[PDB]
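>>> Quick one: experimental structure and sequence below.
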2 protein chains.
Amino acid sequence: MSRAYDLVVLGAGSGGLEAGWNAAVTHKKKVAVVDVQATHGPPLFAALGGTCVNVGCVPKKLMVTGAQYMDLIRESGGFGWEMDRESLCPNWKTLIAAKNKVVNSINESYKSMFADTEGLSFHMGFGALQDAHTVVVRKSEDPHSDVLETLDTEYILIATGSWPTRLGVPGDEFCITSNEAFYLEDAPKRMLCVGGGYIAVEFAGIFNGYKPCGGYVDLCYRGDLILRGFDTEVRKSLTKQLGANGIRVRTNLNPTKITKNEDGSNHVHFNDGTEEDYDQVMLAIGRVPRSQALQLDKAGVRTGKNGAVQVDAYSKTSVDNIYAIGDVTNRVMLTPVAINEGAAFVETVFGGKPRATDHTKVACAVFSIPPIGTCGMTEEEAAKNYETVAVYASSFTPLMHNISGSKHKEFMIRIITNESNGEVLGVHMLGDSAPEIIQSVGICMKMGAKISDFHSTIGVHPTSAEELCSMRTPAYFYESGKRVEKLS
Amino acid sequence: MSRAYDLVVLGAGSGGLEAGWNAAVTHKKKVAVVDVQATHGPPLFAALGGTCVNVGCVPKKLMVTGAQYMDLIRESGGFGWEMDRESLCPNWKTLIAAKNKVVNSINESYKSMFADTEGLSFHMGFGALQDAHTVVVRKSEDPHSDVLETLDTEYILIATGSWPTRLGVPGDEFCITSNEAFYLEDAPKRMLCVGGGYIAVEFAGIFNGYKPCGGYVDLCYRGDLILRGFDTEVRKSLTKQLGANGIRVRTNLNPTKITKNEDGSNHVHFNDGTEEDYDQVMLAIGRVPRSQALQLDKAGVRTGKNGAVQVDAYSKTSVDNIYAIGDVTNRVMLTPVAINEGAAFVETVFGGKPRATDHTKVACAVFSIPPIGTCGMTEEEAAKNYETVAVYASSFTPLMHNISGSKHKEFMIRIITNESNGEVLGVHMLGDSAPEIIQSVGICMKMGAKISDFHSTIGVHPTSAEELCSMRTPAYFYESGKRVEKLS
Ligand SMILES: Cc1cc2nc3c(=O)[nH]c(=O)nc-3n(C[C@H](O)[C@H](O)[C@H](O)COP(=O)(O)OP(=O)(O)OC[C@H]3O[C@@H](n4cnc5c(N)ncnc54)[C@H](O)[C@@H]3O)c2cc1C
Ligand SMILES: Cc1cc2nc3c(=O)[nH]c(=O)nc-3n(C[C@H](O)[C@H](O)[C@H](O)COP(=O)(O)OP(=O)(O)OC[C@H]3O[C@@H](n4cnc5c(N)ncnc54)[C@H](O)[C@@H]3O)c2cc1C
Ligand SMILES: NC(=O)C1=CN([C@@H]2O[C@H](COP(=O)(O)OP(=O)(O)OC[C@H]3O[C@@H](n4cnc5c(N)ncnc54)[C@H](OP(=O)(O)O)[C@@H]3O)[C@@H](O)[C@H]2O)C=CC1
Ligand SMILES: NC(=O)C1=CN([C@@H]2O[C@H](COP(=O)(O)OP(=O)(O)OC[C@H]3O[C@@H](n4cnc5c(N)ncnc54)[C@H](OP(=O)(O)O)[C@@H]3O)[C@@H](O)[C@H]2O)C=CC1
Ligand SMILES: CC(=O)OC[C@H]1O[C@@H](S)[C@H](OC(C)=O)[C@@H](OC(C)=O)[C@@H]1OC(C)=O
Ligand SMILES: CC(=O)OC[C@H]1O[C@@H](S)[C@H](OC(C)=O)[C@@H](OC(C)=O)[C@@H]1OC(C)=O
Ligand SMILES: [Au+]
Ligand SMILES: [Au+]
Ligand SMILES: [Cl-]
Ligand SMILES: [Cl-]
């Protein structure tokens, strides 16, 4: 035994890298980190850093911040900020230009992390399994390419994450995804986002901000309400608010056929049976784990829900030394989760003392033109398996939007409790500054929190978050199944 | 006894009104709410609403929001928002114009409250005490003027709040205050705010945003560091950042003589001995309780430190039926505190079950050009009477300012724990979205929270608040009163 490296991690993921680093620094165990490429890039999108660092949270938040200005610039007019708002649109190129330079820069600190750190080592290629202790490195995903390295390790961590799901439709390959969206030469005039998940709604916002003068953004979705799995009142108020911001939402609609045109712009055949014309078309269908190529089969690693890696709560797979974290497992697909998954794994096997990642009560956010922030349970799901549930609601129009002209920017809070307990089971927020608020909310919730905590804390009185403490009288109840304002 | 009015409240304060409204609605007791005037007013500044509804938190924040846009307009350019950069300045008039129409509107919904609510009654004039059950109403503060109404009550509540503290100096009456600041006909070019308190810093920001082209805002302060009583590191970083935003701060400097000029502009004599010219000069020296005029002497209400009303923990005074809340008591000068104070008082006497306002660990905020949010103890005060105390720090440049060209806008978090306990005793924050964050933080600290509770909560990962859960290693220790790193 006594193998070449202690850990081979497939993928320099938000969690991959977190795992690798900690093992090599806090434990000195030699780590080899495999990944596809040096810096973020259009040929093969996800690089050293993660589907989050390179083509996710970083460039996303940047672009959403850029798109936010559009509203903000119009808004300041009411604040006596007079300027020529005559048909003023943004320059897409200068944004990506300055985006690339910031991401590129991040990949530069990463390279220079490996140079500085010992135990750690970056290996560029496409990693695959040979068996229990051998990781092969090839120059193509194609398993008949050149063998580049062959790494002999104690433990294997799989953090290859997730990938855009296409839809089985003629013309599919004319559609761009979250990946390609980022590196578009030019801003789309006629824009069609396709889907109802995070990426759909968030990107809907961006292109809407960065539409060239006169452009539009339609949003289509298979079902009747966007963002399945959110406070069904938050979902509605956002769909309305996207409207008021210029994004034409479209429920119970799906394309079936796509064909390219004379000037290159894309033509679309819909469910209702219409034909429309769009420069671009993006698909936010979802994300399948990236495990097709890994040959888990040849090492006996459990592959189920379209390739999701079977793991236990300590991230251990069907073999006792190979592990997987983040999107490839397909439980909770977020950056700070895989980060936690990676640190848990580090402490579990190298840290001596085990620890399991707590998936219950994780606060997350949606970065749409008005941002959403939830933590915990929906009404639907709390009344599902809880006996008596109270629902508190409160929706107010921030004092600044009377002047700004955006009287449609209703900020919204929803709290879901256990009537038997007082226990806060879910909190849902829509409006500006929500993703910040919710983060501390989830500190209270994973701590175990009761509404009799929430309201009995003195406020910070010119803010939005202070309205959490103003909720005593419930809006209505859910009695073992059905809404009611019950008695006896 | 069967006295006419159950409760007379002197002053429709944020707390006064709250207490008034509560008694009348939840307990149906007849309440009469005396106050000076109808809507927010440039002759007698406060009104039906409170010193923060009328000449505080509302008009303040609107203006701060307005001033904020200056940065945001410059910043957007780096996001491809090309415009007429050409030294365009704000229009002060259209701001106050929209400000009044928004405040003025709030008082219109207040008059309509009184018309609609039963037991409640607004009485206009300057209130005073005759004895323990008799409130007199005069048309002037002058106790020699006309007797307007004489009100017979079971209970009296003093909620007259606070007033600008002037400085005993020649030229004093040439200065404007927080009150007069709001109604200035025109935007000041040559601006001097005086002092280093909440008001000073926040208003420094506003005029700095709302300076005409070429204008400058100087800040002077008696001592050597602004904002006595905040995390001594936060204070520094803010004093720096104000510099970067264009406000020339000045320490150990104090005016001595002010004289009015030929063109109207005001001339100033300083401590260092210089002479400088300013269009305006604001004094943020503080706020003494407004109890001089009340005639407590007659009714036997205890009057001590600058007239502040002596009260017990249940807000009760020297007499068994006269109460005082808010800024007049001088315990904790905030809107949501007096609200809580009033709310508790209502329960204390009319609500049957007494209850005391919890002054320990109240989160508050400062609405400066970068906003501050703190809750709990300073660095110095924990090491004062706590055995062994840890300090965690973290200062990061939010990912967006790499593009916005505001590389000076450092976000800051400081957590202060009880090393023995692990208990979070104080959290301090500087940066955009701070005040929103801090609010829920304070829900954690009246709940009792540990740094273990903090970091072990999963994050919301593109945000600023999530860096609360990124703090495991202390920066340095305070062992029984000294900056230290270990025990031996
Ligand atoms: C557009 C977008 C925006 C997002 N925004 C947010 C957000 O704001 N907040 C948030 O919390 N989450 C966000 N996420 C989710 C987040 O990106 C993921 O949940 C998280 O990054 C998963 O990380 P991971 O540890 O599984 O590995 P990943 O971060 O997904 O990285 C996987 C790595 O493995 C590499 N790899 C793939 N195949 C191989 C192989 N053949 N051999 C070697 N290496 C390989 C890839 O190149 C990549 O570098 C976003 C996702 C997307 C797509
Ligand atoms: C510029 C400024 C900005 C502020 N911003 C904030 C903020 O952002 N957030 C925050 O939490 N706090 C803020 N405050 C503090 C806040 O104003 C107070 O803490 C709070 O409003 C005090 O309320 P109160 O209950 O004591 O009564 P007040 O709100 O002070 O109301 C007192 C009322 O009594 C009336 N009155 C006075 N004398 C008499 C008498 N002769 N007879 C009858 N009536 C009388 C007055 O007209 C007034 O309407 C700010 C204060 C100022 C000055
Ligand atoms: N925290 C953050 O800010 C972000 C996190 N992420 C993470 O990455 C993941 C990326 O997945 P994402 O692409 O956003 O989508 P999701 O996984 O959120 O869901 C897919 C959406 O598209 C709809 N859909 C699915 N299949 C089809 C189809 N064949 N035809 C039409 N519509 C279909 C689904 O409808 P239905 O309800 O019927 O299934 C659903 O509403 C997210 O789930 C999240 O975990 C991504 C972006 C931002
Ligand atoms: N929550 C919010 O957003 C706001 C809350 N408020 C509340 O209302 C109160 C208003 O008081 P504020 O005016 O802001 O200031 P403060 O009452 O907080 O303190 C006064 C400041 O001015 C300095 N000072 C005092 N006297 C003199 C003098 N004679 N000459 C020169 N300098 C002097 C003091 O220095 P030193 O430190 O040496 O004593 C101190 O820095 C605050 O205490 C706060 O509770 C006010 C505004 C906003
Ligand atoms: C009449 C009306 O619609 O309310 C508008 C605002 O009035 C002021 S008193 C407060 O402003 C702020 C920013 O705190 C807040 O009031 C409360 C309810 O405390 C309301 O805003 C908010 C946070 O709801
Ligand atoms: C070394 C550096 O300063 O930047 C690294 C950034 O990497 C990305 S992964 C994160 O971005 C964001 C905005 O969440 C955040 O990472 C962490 C530390 O969680 C850092 O951003 C920042 C400063 O917050
Ligand atoms: Au991220
Ligand atoms: Au207020
Ligand atoms: Cl990341
Ligand atoms: Cl208020």
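Yep, it's here. Numbering: from 1, shown residues only, chains lettered A, B, ... in the order given. Ligands and ions are numbered 1, 2, ... in the order given.
>>> Return the backbone torsion pair for residue A:287.
The phi and psi torsions at residue A:287 (degrees, to the nearest 10) take the values phi -140, psi 110.
>>> Beta-bridge partners for it, please?
Here residue A:287 shows beta-bridge partners residue A:164, assigned using DSSP bridges.
>>> I figured it was touching residue A:326, is that so?
No - with contact defined as CB atoms under 8 Å, residue A:287 does not reach residue A:326; the gap is 10.8 Å. Bear in mind the C-beta positions are built from the backbone N, C-alpha and C, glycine included.
>>> what touches both of these two?
Shared contacts of residue A:287 and residue A:326, defined by CB atoms under 8 Å, 6 or more residues apart in numbering or on different chains, comprise A:162, A:333.
>>> Between those two, which is the more surrounded one?
residue A:326 (36 against 20; other CB atoms under 10 Å in any protein chain shown).
>>> Secondary structure class of the residue in the stretch 101-250 of chain A positioned nearest to ligand 5, three-state.
When distances are taken as CB to the nearest ligand atom, the stretch 101-250 of chain A reaches nearest to ligand 5 at residue A:237, 15.8 Å away. When classified by DSSP: H, G, I helix; E, B strand; the rest coil, residue A:237 comes out as helix.
>>> Could you double-check that it sits in contact with residue A:410?
Yes - with contact taken as CB under 8 Å, residue A:237 and residue A:410 are classed as touching, separated by 6.4 Å.
>>> between these two, what contacts are shared?
In terms of CB under 8 Å, 6+ apart, residue A:237 and residue A:410 are both contacted by the residues A:395, A:430.
>>> Would you mark the buried spots in stretch A:417-425?
Within stretch A:417-425, the residues that qualify as buried by neighbour count (16 or more other CB atoms under 10 Å in any protein chain shown) are A:417-419, A:421, A:423-425.
>>> by contact count, what packs against the top helix by length along chain A?
With DSSP state H applied, the helix covering the greatest number of residues in chain A is identified as helix A:92-116. Based on contacts counted as 3 or more CB pairs under 8 Å, 6 or more residues apart in numbering or on different chains; DSSP states H and E, the elements that helix A:92-116 packs against are helix A:57-75, helix B:401-404.
>>> and the helix or strand following it, anywhere near ligand 1?
Next in sequence after helix A:92-116, counting helices and strands by DSSP states H and E, comes strand A:122-124. No - no part of strand A:122-124 sits close enough to ligand 1 to count as contact by CB under 6 Å from any ligand atom; the gap is at least 8.1 Å.
>>> contacts for strand A:122-124?
For strand A:122-124, using CB under 8 Å, 6+ apart, the contacting residues are A:12, A:32-38, A:48, A:111, A:114, A:137, A:149, A:151.
>>> For the residue in the stretch 51-200 of chain A that ligand 9 sits nearest to, give me its contacts.
Across the stretch 51-200 of chain A, no residue is closer to ligand 9 than residue A:52, which sits at 4.1 Å (CB to the ion). Shown in contact with residue A:52 (CB under 8 Å, 6+ apart): A:13-14, A:58, A:335, B:461.
>>> Could you identify which of these has the most neighbours?
By neighbour count, taken as other CB under 10 Å, the most surrounded of the contacts of residue A:52 turns out to be residue A:13 (36 neighbours).
>>> what residues are up against that residue?
By CB under 8 Å, 6+ apart, the neighbours of residue A:13 are A:50-52, A:159-161, A:325-326, A:338, A:342.
>>> and with 10 Å instead?
In this structure, residue A:13 makes contact with A:19-20, A:33, A:35, A:46, A:48-53, A:157-162, A:290, A:325-328, A:335, A:338-339, A:341-342, judged by CB atoms under 10 Å, 6 or more residues apart in numbering or on different chains.
>>> That one - nearest residue in space that isn't next to it in sequence?
Counting by CB to CB, 6 or more residues apart in numbering or on different chains, residue A:159 is the residue found nearest to residue A:13 once chain neighbours are left out, at 3.8 Å.
>>> before we move on, what about residue A:406?
residue A:75 (5.9 Å).
>>> so which of the helices and strands packed on helix A:92-116 comes closest to ligand 10?
For the helices and strands packed on helix A:92-116, distance to ligand 10 was read as CB to the ion. The smallest value, 22.5 Å, belongs to helix A:57-75.
>>> For that closest one, which helices and strands make contact with it?
In this structure, helix A:57-75 packs against helix A:92-116, helix A:178-181, helix A:198-209, helix A:335-345, helix A:401-404, helix B:57-76, helix B:401-404, with contacts taken as 3 or more CB pairs under 10 Å, 6 or more residues apart in numbering or on different chains; DSSP states H and E.
>>> got the buried residues for it?
Within helix A:57-75, the residues that count as buried by 16+ other CB under 10 Å are A:57-73, A:75.
>>> What of stretch A:114-132?
A:114, A:119-129.
>>> related to what we said a few turns ago, which one of the helices and strands packed on helix A:57-75 is the most hemmed in?
The highest mean neighbour count among the helices and strands packed on helix A:57-75, using mean count of other CB atoms under 10 Å in any protein chain shown, belongs to helix A:335-345: a mean of 27.
>>> any idea of the angle that helix forms with helix A:57-75?
Between the axes of helix A:335-345 and helix A:57-75, defined by axes from the mean of the first three to the mean of the last three CA atoms, to 10 degrees, the angle is 150 degrees.
>>> and the helices and strands packed on helix A:92-116 as TSV, adding distance to residue B:223?
Putting the helices and strands packed on helix A:92-116 into TSV (distance: least, CB to CB, whole Å) gives the following:
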stretch	distance to residue B:223
helix A:57-75	37
helix B:401-404	31
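>>> can you tell which of those is closest to residue A:444?
Closest to residue A:444 of the helices and strands packed on helix A:92-116, according to CB to CB: helix A:57-75, at 23.9 Å.
>>> Quickly check: that closest one near ligand 7 or not.
Yes - residues of helix A:57-75 contacting ligand 7 under CB under 5 Å from the ion: residue A:57.
>>> Output the contacts of strand A:122-124 in JSON lines, with distance to residue B:211 and secondary structure appended to each entry.
Putting the contacts of strand A:122-124 into JSON lines (distance: CB to CB, whole Å; DSSP: H, G, I helix; E, B strand; the rest coil) gives the following:
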{"residue": "A:12", "distance to residue B:211": "49", "secondary structure": "coil"}
{"residue": "A:32", "distance to residue B:211": "58", "secondary structure": "strand"}
{"residue": "A:33", "distance to residue B:211": "52", "secondary structure": "strand"}
{"residue": "A:34", "distance to residue B:211": "56", "secondary structure": "strand"}
{"residue": "A:35", "distance to residue B:211": "51", "secondary structure": "strand"}
{"residue": "A:36", "distance to residue B:211": "52", "secondary structure": "coil"}
{"residue": "A:37", "distance to residue B:211": "49", "secondary structure": "coil"}
{"residue": "A:38", "distance to residue B:211": "48", "secondary structure": "coil"}
{"residue": "A:48", "distance to residue B:211": "47", "secondary structure": "coil"}
{"residue": "A:111", "distance to residue B:211": "45", "secondary structure": "helix"}
{"residue": "A:114", "distance to residue B:211": "49", "secondary structure": "helix"}
{"residue": "A:137", "distance to residue B:211": "61", "secondary structure": "strand"}
{"residue": "A:149", "distance to residue B:211": "62", "secondary structure": "strand"}
{"residue": "A:151", "distance to residue B:211": "63", "secondary structure": "strand"}
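>>> near ligand 9, which residues of the stretch 301-450 of chain A?
Of all the residues in the stretch 301-450 of chain A, those lying near ligand 9 are residue A:335, going by CB under 5 Å from the ion.
>>> ok, which stretches of the stretch 301-450 of chain A are helices?
Listed from the start of the chain, the stretch 301-450 of chain A has helices (DSSP state H, counting those that start in this stretch) covering A:335-345, A:379-385, A:401-404, A:434-446.
>>> packing partners for the very next helix or strand once past the longest one?
Using DSSP H and E, the helix or strand that follows helix A:434-446 in sequence is helix A:451-454. Contact analysis of helix A:451-454 by 3+ CB pairs under 10 Å, 6+ apart lists strand A:388-396, strand A:411-418, strand A:424-430, helix A:434-446, helix B:434-445 as its packing neighbours.
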